[PDB]
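The chain below stands alone and is given as structure tokens, in the form deposited in one PDB entry.
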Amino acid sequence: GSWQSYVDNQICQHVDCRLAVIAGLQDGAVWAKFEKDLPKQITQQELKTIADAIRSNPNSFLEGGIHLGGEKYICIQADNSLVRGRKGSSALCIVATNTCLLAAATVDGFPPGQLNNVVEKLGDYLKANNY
């Protein structure tokens, strides 16, 4: 039921997580998160920057990169509901639902398409439940 359970189970027991976070779109507040070994804890400021850009100008990520946990991911896909990035062999997938931002990045060497499938499936489930 809890937000932490979606992170720890639906995401992080189906992909091998470097980070996973569910946050509010309106303010970037964290609803739940998990991290392995990031240089910095993920901040509300980082999340709000991402949420604002996905809502208003997804192309901004091409110049600004995607910044989470003190790590810069390079953008490989961007629209107003789905953003993907890469930092070396770590993949990042971000979805916007009706009320939340779901972001996860996998450990080096984890298949990006597996990440994308799992994050998009949770995002669709949340949307279909009025989140």
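One-based numbering along the sequence shown. Shifts are known only where both forms have a C-alpha. By rigid core we mean the largest C-alpha set that fits within 1.5 Å across both forms.
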{"query": "Of 24 to 32 and 94 to 102, the one with larger mean CA B-factor", "finding": "24 to 32"}
{"query": "Segment of higher mean CA temperature factor, 117 to 125 or 13 to 21", "finding": "117 to 125"}
{"query": "B-factor third for the C-alpha atom of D79 within its chain", "finding": "lowest"}
{"query": "Chain-relative CA temperature factor third for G85", "finding": "lowest"}
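Heads up, the form solved in complex with a partner chain isn't pictured, but that's what we're talking about next.
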property	result
All of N57, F61 and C75 with a heavy atom within 4.5 Å of its partner chain in the bound PDB entry	no
is_contact(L122, its partner chain) in the bound PDB entry, heavy atom dist at most 4.5 Å	yes
Core-superposed comparison between this form and the one not shown, runs of at least 3 residues with CA shifts of 2 Å or more	129 to 131
